[PDB]
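Q: Contents of my_file.txt (compact mmCIF, N, CA and C atoms) are given next:
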# COMPACT_ATOMS: atom_id res chain seq x y z
N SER A 2 -7.33 -65.50 3.14
CA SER A 2 -8.32 -65.49 2.07
C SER A 2 -9.41 -66.53 2.31
N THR A 3 -9.28 -67.28 3.40
CA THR A 3 -10.21 -68.36 3.73
C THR A 3 -11.27 -67.95 4.74
N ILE A 4 -10.92 -67.10 5.71
CA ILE A 4 -11.84 -66.79 6.79
C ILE A 4 -13.01 -65.96 6.28
N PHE A 5 -14.12 -66.01 7.03
CA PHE A 5 -15.36 -65.31 6.72
C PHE A 5 -15.67 -64.44 7.93
N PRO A 6 -15.19 -63.20 7.96
CA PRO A 6 -15.21 -62.43 9.20
C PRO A 6 -16.47 -61.59 9.39
N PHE A 7 -17.50 -61.84 8.59
CA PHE A 7 -18.65 -60.95 8.60
C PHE A 7 -19.60 -61.24 9.76
N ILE A 8 -19.72 -62.50 10.19
CA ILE A 8 -20.46 -62.81 11.40
C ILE A 8 -19.58 -62.67 12.64
N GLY A 9 -18.37 -63.21 12.58
CA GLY A 9 -17.42 -63.06 13.66
C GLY A 9 -16.07 -63.60 13.24
N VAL A 10 -15.03 -63.07 13.86
CA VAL A 10 -13.67 -63.46 13.51
C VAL A 10 -13.27 -64.66 14.35
N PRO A 11 -12.52 -65.61 13.80
CA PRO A 11 -12.05 -66.73 14.61
C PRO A 11 -11.13 -66.26 15.72
N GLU A 12 -11.17 -67.00 16.82
CA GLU A 12 -10.43 -66.62 18.02
C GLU A 12 -8.92 -66.77 17.84
N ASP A 13 -8.46 -67.73 17.04
CA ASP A 13 -7.02 -67.85 16.80
C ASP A 13 -6.51 -66.80 15.82
N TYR A 14 -7.34 -66.40 14.87
CA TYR A 14 -6.93 -65.44 13.84
C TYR A 14 -6.51 -64.12 14.47
N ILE A 15 -5.37 -63.60 14.01
CA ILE A 15 -4.84 -62.32 14.47
C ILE A 15 -5.10 -61.28 13.39
N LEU A 16 -5.56 -60.11 13.81
CA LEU A 16 -5.75 -59.02 12.86
C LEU A 16 -4.39 -58.58 12.32
N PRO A 17 -4.28 -58.32 11.02
CA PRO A 17 -2.96 -57.98 10.47
C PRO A 17 -2.37 -56.71 11.06
N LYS A 18 -3.14 -55.63 11.09
CA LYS A 18 -2.66 -54.35 11.59
C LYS A 18 -3.86 -53.49 11.95
N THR A 19 -3.60 -52.41 12.67
CA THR A 19 -4.57 -51.35 12.84
C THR A 19 -4.24 -50.22 11.87
N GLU A 20 -5.27 -49.60 11.32
CA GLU A 20 -5.10 -48.63 10.24
C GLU A 20 -4.93 -47.24 10.83
N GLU A 21 -3.77 -46.63 10.57
CA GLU A 21 -3.47 -45.30 11.05
C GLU A 21 -2.75 -44.52 9.96
N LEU A 22 -2.86 -43.21 10.03
CA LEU A 22 -2.19 -42.37 9.05
C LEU A 22 -0.72 -42.18 9.43
N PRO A 23 0.16 -42.09 8.44
CA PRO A 23 1.56 -41.78 8.73
C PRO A 23 1.72 -40.36 9.26
N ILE A 24 2.94 -40.04 9.67
CA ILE A 24 3.22 -38.72 10.22
C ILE A 24 3.20 -37.70 9.10
N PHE A 25 2.35 -36.68 9.25
CA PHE A 25 2.20 -35.65 8.23
C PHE A 25 3.49 -34.84 8.12
N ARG A 26 4.04 -34.76 6.91
CA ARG A 26 5.28 -34.05 6.67
C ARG A 26 5.15 -33.20 5.41
N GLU A 27 5.80 -32.04 5.42
CA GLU A 27 5.64 -31.07 4.34
C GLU A 27 6.89 -30.21 4.26
N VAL A 28 7.17 -29.71 3.06
CA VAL A 28 8.27 -28.78 2.86
C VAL A 28 7.96 -27.47 3.58
N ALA A 29 8.91 -26.97 4.36
CA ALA A 29 8.69 -25.77 5.14
C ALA A 29 8.52 -24.55 4.25
N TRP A 30 7.70 -23.61 4.71
CA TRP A 30 7.31 -22.43 3.96
C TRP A 30 7.32 -21.24 4.91
N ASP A 31 7.78 -20.09 4.43
CA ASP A 31 7.77 -18.87 5.23
C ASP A 31 6.70 -17.93 4.70
N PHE A 32 5.97 -17.31 5.62
CA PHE A 32 4.73 -16.64 5.26
C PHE A 32 4.91 -15.16 4.94
N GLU A 33 5.92 -14.51 5.50
CA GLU A 33 6.15 -13.10 5.24
C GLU A 33 6.77 -12.85 3.87
N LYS A 34 7.37 -13.87 3.26
CA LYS A 34 8.00 -13.74 1.96
C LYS A 34 7.43 -14.69 0.91
N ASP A 35 6.63 -15.68 1.31
CA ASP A 35 5.95 -16.59 0.39
C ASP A 35 6.95 -17.37 -0.45
N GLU A 36 7.80 -18.13 0.23
CA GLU A 36 8.83 -18.94 -0.41
C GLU A 36 9.01 -20.24 0.35
N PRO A 37 9.50 -21.28 -0.32
CA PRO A 37 10.05 -22.43 0.41
C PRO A 37 11.37 -22.05 1.05
N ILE A 38 11.74 -22.81 2.09
CA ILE A 38 12.90 -22.50 2.92
C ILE A 38 14.01 -23.48 2.60
N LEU A 39 15.22 -22.95 2.39
CA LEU A 39 16.40 -23.75 2.10
C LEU A 39 17.25 -23.89 3.36
N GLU A 40 17.69 -25.11 3.64
CA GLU A 40 18.48 -25.40 4.83
C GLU A 40 19.70 -26.22 4.44
N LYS A 41 20.89 -25.67 4.69
CA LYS A 41 22.15 -26.30 4.31
C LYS A 41 22.16 -26.68 2.84
N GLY A 42 21.69 -25.77 2.00
CA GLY A 42 21.63 -26.01 0.57
C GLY A 42 20.65 -27.09 0.16
N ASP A 43 19.52 -27.20 0.85
CA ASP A 43 18.49 -28.16 0.49
C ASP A 43 17.18 -27.73 1.14
N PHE A 44 16.08 -28.30 0.65
CA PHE A 44 14.77 -28.01 1.21
C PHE A 44 14.66 -28.57 2.62
N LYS A 45 14.09 -27.78 3.52
CA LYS A 45 13.91 -28.18 4.91
C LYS A 45 12.51 -28.75 5.10
N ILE A 46 12.42 -29.89 5.78
CA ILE A 46 11.16 -30.59 5.99
C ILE A 46 10.76 -30.45 7.45
N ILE A 47 9.51 -30.06 7.68
CA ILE A 47 8.92 -30.04 9.02
C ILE A 47 7.81 -31.08 9.07
N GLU A 48 7.24 -31.27 10.26
CA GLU A 48 6.27 -32.34 10.45
C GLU A 48 5.17 -31.92 11.42
N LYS A 49 4.05 -32.64 11.33
CA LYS A 49 2.90 -32.52 12.23
C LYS A 49 2.34 -31.10 12.18
N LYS A 50 2.25 -30.39 13.30
CA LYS A 50 1.41 -29.20 13.40
C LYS A 50 1.88 -28.09 12.47
N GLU A 51 3.20 -27.91 12.33
CA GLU A 51 3.71 -26.87 11.45
C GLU A 51 3.40 -27.18 9.98
N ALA A 52 3.51 -28.45 9.60
CA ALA A 52 3.13 -28.85 8.25
C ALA A 52 1.65 -28.60 8.00
N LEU A 53 0.81 -28.89 9.00
CA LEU A 53 -0.61 -28.61 8.88
C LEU A 53 -0.86 -27.12 8.74
N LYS A 54 -0.08 -26.29 9.45
CA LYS A 54 -0.20 -24.85 9.28
C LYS A 54 0.10 -24.44 7.84
N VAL A 55 1.15 -25.00 7.26
CA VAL A 55 1.50 -24.68 5.88
C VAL A 55 0.36 -25.07 4.94
N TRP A 56 -0.17 -26.28 5.12
CA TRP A 56 -1.25 -26.74 4.25
C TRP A 56 -2.49 -25.86 4.39
N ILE A 57 -2.82 -25.47 5.62
CA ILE A 57 -3.99 -24.62 5.86
C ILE A 57 -3.81 -23.27 5.19
N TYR A 58 -2.63 -22.68 5.32
CA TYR A 58 -2.36 -21.39 4.68
C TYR A 58 -2.54 -21.49 3.17
N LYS A 59 -1.97 -22.53 2.57
CA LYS A 59 -2.10 -22.70 1.12
C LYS A 59 -3.55 -22.91 0.71
N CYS A 60 -4.31 -23.68 1.49
CA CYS A 60 -5.70 -23.95 1.13
C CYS A 60 -6.56 -22.70 1.24
N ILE A 61 -6.35 -21.88 2.27
CA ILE A 61 -7.14 -20.67 2.41
C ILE A 61 -6.79 -19.67 1.31
N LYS A 62 -5.52 -19.61 0.92
CA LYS A 62 -5.08 -18.56 0.00
C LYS A 62 -5.52 -18.76 -1.45
N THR A 63 -6.09 -19.91 -1.81
CA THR A 63 -6.43 -20.19 -3.19
C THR A 63 -7.93 -20.05 -3.45
N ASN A 64 -8.27 -19.77 -4.70
CA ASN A 64 -9.65 -19.68 -5.16
C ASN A 64 -10.14 -21.05 -5.60
N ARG A 65 -11.47 -21.20 -5.66
CA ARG A 65 -12.04 -22.53 -5.77
C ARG A 65 -12.02 -23.05 -7.21
N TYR A 66 -12.70 -22.36 -8.13
CA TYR A 66 -12.85 -22.84 -9.49
C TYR A 66 -11.87 -22.19 -10.47
N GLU A 67 -10.88 -21.45 -9.98
CA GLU A 67 -10.07 -20.64 -10.88
C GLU A 67 -9.11 -21.49 -11.70
N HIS A 68 -8.54 -22.54 -11.11
CA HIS A 68 -7.45 -23.28 -11.72
C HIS A 68 -7.91 -24.63 -12.24
N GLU A 69 -7.46 -24.97 -13.45
CA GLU A 69 -7.87 -26.21 -14.10
C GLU A 69 -7.21 -27.43 -13.47
N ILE A 70 -6.02 -27.27 -12.90
CA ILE A 70 -5.31 -28.41 -12.33
C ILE A 70 -6.04 -28.97 -11.12
N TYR A 71 -6.68 -28.12 -10.32
CA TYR A 71 -7.34 -28.57 -9.11
C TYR A 71 -8.70 -29.18 -9.42
N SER B 296 -28.50 8.17 16.26
CA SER B 296 -28.22 9.50 15.73
C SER B 296 -29.01 10.53 16.53
N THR B 297 -28.51 11.76 16.55
CA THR B 297 -29.12 12.82 17.34
C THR B 297 -29.20 14.10 16.53
N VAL B 298 -30.27 14.87 16.77
CA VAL B 298 -30.44 16.21 16.22
C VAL B 298 -30.81 17.14 17.37
N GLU B 299 -30.22 18.33 17.39
CA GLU B 299 -30.35 19.22 18.54
C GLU B 299 -30.22 20.67 18.10
N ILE B 300 -30.63 21.56 19.00
CA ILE B 300 -30.39 22.99 18.84
C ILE B 300 -28.93 23.28 19.16
N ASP B 301 -28.29 24.10 18.32
CA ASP B 301 -26.89 24.48 18.53
C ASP B 301 -26.85 25.64 19.52
N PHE B 302 -26.44 25.34 20.75
CA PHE B 302 -26.49 26.35 21.81
C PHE B 302 -25.39 27.40 21.65
N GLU B 303 -24.17 26.97 21.32
CA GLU B 303 -23.06 27.91 21.19
C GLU B 303 -23.30 28.90 20.06
N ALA B 304 -23.85 28.43 18.94
CA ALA B 304 -24.11 29.32 17.82
C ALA B 304 -25.14 30.38 18.18
N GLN B 305 -26.20 29.98 18.89
CA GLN B 305 -27.20 30.94 19.34
C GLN B 305 -26.60 31.95 20.30
N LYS B 306 -25.75 31.48 21.22
CA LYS B 306 -25.08 32.40 22.14
C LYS B 306 -24.23 33.41 21.39
N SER B 307 -23.47 32.95 20.40
CA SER B 307 -22.62 33.85 19.63
C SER B 307 -23.45 34.87 18.85
N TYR B 308 -24.55 34.42 18.25
CA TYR B 308 -25.41 35.35 17.52
C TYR B 308 -26.00 36.40 18.45
N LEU B 309 -26.47 35.98 19.63
CA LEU B 309 -27.04 36.94 20.58
C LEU B 309 -25.98 37.92 21.08
N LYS B 310 -24.76 37.43 21.34
CA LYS B 310 -23.68 38.32 21.73
C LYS B 310 -23.38 39.33 20.64
N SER B 311 -23.34 38.89 19.39
CA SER B 311 -23.07 39.80 18.28
C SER B 311 -24.15 40.87 18.17
N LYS B 312 -25.42 40.48 18.34
CA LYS B 312 -26.49 41.46 18.31
C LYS B 312 -26.42 42.43 19.48
N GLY B 313 -25.72 42.07 20.55
CA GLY B 313 -25.53 42.96 21.69
C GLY B 313 -26.44 42.72 22.88
N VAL B 314 -27.20 41.63 22.90
CA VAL B 314 -28.09 41.36 24.03
C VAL B 314 -27.27 40.92 25.23
N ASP B 315 -27.70 41.34 26.42
CA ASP B 315 -26.99 41.03 27.66
C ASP B 315 -27.32 39.60 28.09
N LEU B 316 -26.37 38.69 27.91
CA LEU B 316 -26.60 37.28 28.17
C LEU B 316 -26.43 36.88 29.63
N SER B 317 -25.83 37.74 30.46
CA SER B 317 -25.54 37.34 31.83
C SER B 317 -26.80 37.23 32.67
N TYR B 318 -27.78 38.09 32.42
CA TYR B 318 -28.99 38.13 33.24
C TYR B 318 -29.96 37.00 32.92
N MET B 319 -29.98 36.53 31.68
CA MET B 319 -30.93 35.51 31.29
C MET B 319 -30.43 34.11 31.66
N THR B 320 -31.36 33.17 31.73
CA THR B 320 -31.07 31.79 32.08
C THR B 320 -31.03 30.92 30.82
N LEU B 321 -30.59 29.67 31.02
CA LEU B 321 -30.32 28.78 29.89
C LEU B 321 -31.57 28.51 29.06
N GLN B 322 -32.71 28.32 29.73
CA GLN B 322 -33.97 28.14 29.01
C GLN B 322 -34.29 29.36 28.17
N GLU B 323 -34.03 30.56 28.69
CA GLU B 323 -34.26 31.77 27.93
C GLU B 323 -33.27 31.92 26.78
N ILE B 324 -32.04 31.45 26.95
CA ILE B 324 -31.09 31.46 25.84
C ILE B 324 -31.58 30.55 24.72
N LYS B 325 -32.07 29.36 25.08
CA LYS B 325 -32.52 28.41 24.07
C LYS B 325 -33.70 28.95 23.28
N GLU B 326 -34.65 29.60 23.96
CA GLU B 326 -35.90 30.01 23.35
C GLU B 326 -35.92 31.46 22.91
N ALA B 327 -34.77 32.13 22.90
CA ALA B 327 -34.72 33.52 22.50
C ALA B 327 -34.99 33.67 21.01
N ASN B 328 -35.55 34.82 20.65
CA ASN B 328 -35.82 35.11 19.25
C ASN B 328 -34.53 35.41 18.50
N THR B 329 -34.43 34.90 17.27
CA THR B 329 -33.22 35.04 16.48
C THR B 329 -33.42 35.75 15.15
N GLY B 330 -34.66 36.00 14.74
CA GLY B 330 -34.89 36.78 13.54
C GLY B 330 -34.52 36.08 12.25
N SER B 331 -35.30 35.07 11.88
CA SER B 331 -35.22 34.39 10.59
C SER B 331 -33.99 33.51 10.44
N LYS B 332 -33.33 33.14 11.54
CA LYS B 332 -32.15 32.29 11.49
C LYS B 332 -32.32 31.12 12.45
N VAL B 333 -31.86 29.94 12.03
CA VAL B 333 -31.99 28.71 12.81
C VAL B 333 -30.62 28.04 12.88
N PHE B 334 -30.27 27.53 14.05
CA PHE B 334 -29.00 26.84 14.27
C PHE B 334 -29.26 25.44 14.81
N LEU B 335 -28.72 24.44 14.14
CA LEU B 335 -28.89 23.05 14.54
C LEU B 335 -27.56 22.31 14.45
N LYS B 336 -27.52 21.14 15.08
CA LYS B 336 -26.36 20.26 15.03
C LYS B 336 -26.85 18.82 15.04
N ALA B 337 -26.00 17.91 14.55
CA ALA B 337 -26.38 16.51 14.46
C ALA B 337 -25.14 15.63 14.50
N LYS B 338 -25.35 14.36 14.85
CA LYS B 338 -24.29 13.36 14.90
C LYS B 338 -24.73 12.12 14.14
N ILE B 339 -23.90 11.68 13.20
CA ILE B 339 -24.14 10.44 12.46
C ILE B 339 -22.83 9.68 12.34
N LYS B 340 -22.95 8.40 12.01
CA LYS B 340 -21.80 7.57 11.67
C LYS B 340 -22.14 6.77 10.42
N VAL B 341 -21.26 6.81 9.43
CA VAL B 341 -21.52 6.25 8.11
C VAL B 341 -20.84 4.90 7.99
N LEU B 342 -21.59 3.90 7.53
CA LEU B 342 -21.08 2.56 7.36
C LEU B 342 -20.25 2.44 6.09
N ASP B 343 -19.39 1.43 6.06
CA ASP B 343 -18.59 1.11 4.88
C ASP B 343 -18.75 -0.37 4.55
N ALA B 344 -18.54 -0.69 3.28
CA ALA B 344 -18.61 -2.07 2.84
C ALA B 344 -17.38 -2.84 3.30
N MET B 345 -17.52 -4.16 3.41
CA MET B 345 -16.42 -5.02 3.82
C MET B 345 -15.52 -5.34 2.64
N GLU B 346 -14.22 -5.11 2.81
CA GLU B 346 -13.27 -5.33 1.72
C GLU B 346 -11.99 -6.04 2.14
N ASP B 347 -11.84 -6.41 3.41
CA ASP B 347 -10.67 -7.15 3.87
C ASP B 347 -11.10 -8.18 4.90
N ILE B 348 -10.32 -9.25 5.01
CA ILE B 348 -10.58 -10.32 5.97
C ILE B 348 -9.30 -10.58 6.75
N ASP B 349 -9.42 -10.60 8.08
CA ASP B 349 -8.31 -10.91 8.98
C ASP B 349 -8.65 -12.18 9.75
N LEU B 350 -7.93 -13.26 9.47
CA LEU B 350 -8.16 -14.55 10.11
C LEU B 350 -7.08 -14.83 11.14
N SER B 351 -7.51 -15.15 12.36
CA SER B 351 -6.61 -15.60 13.42
C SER B 351 -6.90 -17.07 13.68
N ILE B 352 -5.98 -17.93 13.25
CA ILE B 352 -6.19 -19.38 13.26
C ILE B 352 -5.39 -19.97 14.41
N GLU B 353 -6.02 -20.87 15.17
CA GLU B 353 -5.41 -21.47 16.35
C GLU B 353 -5.09 -22.93 16.06
N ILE B 354 -3.80 -23.22 15.86
CA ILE B 354 -3.29 -24.58 15.76
C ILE B 354 -3.89 -25.36 14.60
Would you mind writing the file out in structure tokens?

A:
Amino acid sequence: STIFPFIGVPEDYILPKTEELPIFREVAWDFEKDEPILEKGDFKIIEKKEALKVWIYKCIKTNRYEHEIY
Amino acid sequence: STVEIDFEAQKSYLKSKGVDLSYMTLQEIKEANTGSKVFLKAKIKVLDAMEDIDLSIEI
């Protein structure tokens, strides 16, 4: 809370972290039946590209101003 | 699109009237007198409005 990094950062000072997004994860969804998927009696979680596919499908399938919640 | 003289119809009409078609040539078949009757043909293709969308998404 003491340093003034706007002109330059002190040489001893270490940056706390680099800012990155966590691993994208989403509940798995099947497209031919339009349901969430149950695995061993529980919801199955996928990650990264498949989760992005699920999100993209849901985003394309909805209308813009139709729903009050969005 | 195309519009043309109907050759087969003229040939059939001339055959029915009884004219000998073997001796005459194709130009003479096209330009033969038919007696108040005209035969034509045409080709068109009719457009339709868009009502479905098929998206192929890559990754």

Q: Provide the atom CA of residue A:49 to atom N of residue A:27 distance in Å, to one decimal place.

A: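 Separating atom CA of residue A:49 from atom N of residue A:27 is a distance of 7.4 Å.
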
Q: Please indicate the distance in Å from atom CA of residue A:45 to atom C of residue A:26, rounded to one decimal place.

A: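 Rounded to one decimal, the two atoms are 10.1 Å apart.
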
Q: Using all atoms listed in the file, tabulate the residues of chain A lying at most 8 Å from any atom of chain B, each with its closest atom pair and that distance in Å to one decimal, by chain and increasing residue number, as JSON lines.

A:
{"residue": "A:50", "atom": "CA", "partner": "B:354", "partner_atom": "C", "distance": 6.7}
{"residue": "A:51", "atom": "N", "partner": "B:354", "partner_atom": "C", "distance": 7.9}
{"residue": "A:53", "atom": "C", "partner": "B:354", "partner_atom": "C", "distance": 6.8}
{"residue": "A:54", "atom": "N", "partner": "B:354", "partner_atom": "C", "distance": 6.5}

Q: Please, what distance in Å, to one decimal, runs between atom N of residue B:311 and atom CA of residue B:299?

A: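 Taking atom N of residue B:311 and atom CA of residue B:299, their separation equals 20.9 Å.
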
Q: Taking 4 positions as the minimum chain separation for residues in the same chain, which residues sit within 8 Å of stretch 305-307 of chain B when counting all atoms listed in the file? Answer as a VMD selection string.

A: chain B and resid 300 to 301 311 to 313 316 324 to 325 329 333 to 335

Q: What would the file look like if the residues just selected were written as a PDB file, in the coordinates of the input with N, CA and C atoms?

A:
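Output file result.pdb is given in full below:
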ATOM      1  N   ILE B 300     -30.630  21.560  19.000  1.00  0.00           N
ATOM      2  CA  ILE B 300     -30.390  22.990  18.840  1.00  0.00           C
ATOM      3  C   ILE B 300     -28.930  23.280  19.160  1.00  0.00           C
ATOM      4  N   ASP B 301     -28.290  24.100  18.320  1.00  0.00           N
ATOM      5  CA  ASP B 301     -26.890  24.480  18.530  1.00  0.00           C
ATOM      6  C   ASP B 301     -26.850  25.640  19.520  1.00  0.00           C
ATOM      7  N   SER B 311     -23.340  38.890  19.390  1.00  0.00           N
ATOM      8  CA  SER B 311     -23.070  39.800  18.280  1.00  0.00           C
ATOM      9  C   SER B 311     -24.150  40.870  18.170  1.00  0.00           C
ATOM     10  N   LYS B 312     -25.420  40.480  18.340  1.00  0.00           N
ATOM     11  CA  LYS B 312     -26.490  41.460  18.310  1.00  0.00           C
ATOM     12  C   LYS B 312     -26.420  42.430  19.480  1.00  0.00           C
ATOM     13  N   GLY B 313     -25.720  42.070  20.550  1.00  0.00           N
ATOM     14  CA  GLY B 313     -25.530  42.960  21.690  1.00  0.00           C
ATOM     15  C   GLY B 313     -26.440  42.720  22.880  1.00  0.00           C
ATOM     16  N   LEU B 316     -26.370  38.690  27.910  1.00  0.00           N
ATOM     17  CA  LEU B 316     -26.600  37.280  28.170  1.00  0.00           C
ATOM     18  C   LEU B 316     -26.430  36.880  29.630  1.00  0.00           C
ATOM     19  N   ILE B 324     -32.040  31.450  26.950  1.00  0.00           N
ATOM     20  CA  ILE B 324     -31.090  31.460  25.840  1.00  0.00           C
ATOM     21  C   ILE B 324     -31.580  30.550  24.720  1.00  0.00           C
ATOM     22  N   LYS B 325     -32.070  29.360  25.080  1.00  0.00           N
ATOM     23  CA  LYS B 325     -32.520  28.410  24.070  1.00  0.00           C
ATOM     24  C   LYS B 325     -33.700  28.950  23.280  1.00  0.00           C
ATOM     25  N   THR B 329     -34.430  34.900  17.270  1.00  0.00           N
ATOM     26  CA  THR B 329     -33.220  35.040  16.480  1.00  0.00           C
ATOM     27  C   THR B 329     -33.420  35.750  15.150  1.00  0.00           C
ATOM     28  N   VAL B 333     -31.860  29.940  12.030  1.00  0.00           N
ATOM     29  CA  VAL B 333     -31.990  28.710  12.810  1.00  0.00           C
ATOM     30  C   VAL B 333     -30.620  28.040  12.880  1.00  0.00           C
ATOM     31  N   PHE B 334     -30.270  27.530  14.050  1.00  0.00           N
ATOM     32  CA  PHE B 334     -29.000  26.840  14.270  1.00  0.00           C
ATOM     33  C   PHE B 334     -29.260  25.440  14.810  1.00  0.00           C
ATOM     34  N   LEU B 335     -28.720  24.440  14.140  1.00  0.00           N
ATOM     35  CA  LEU B 335     -28.890  23.050  14.540  1.00  0.00           C
ATOM     36  C   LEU B 335     -27.560  22.310  14.450  1.00  0.00           C
TER      37      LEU B 335
END

Q: Let me know the centre plus edge lengths, in Å and rounded to one decimal, of a box with edges along x, y and z that contains all listed atoms of stretch 20-31 of chain A and is padded by 3 Å on every side, as lines of an AutoDock Vina configuration file.

A:
center_x = 1.8
center_y = -33.8
center_z = 7.1
size_x = 20.2
size_y = 37.7
size_z = 14.5
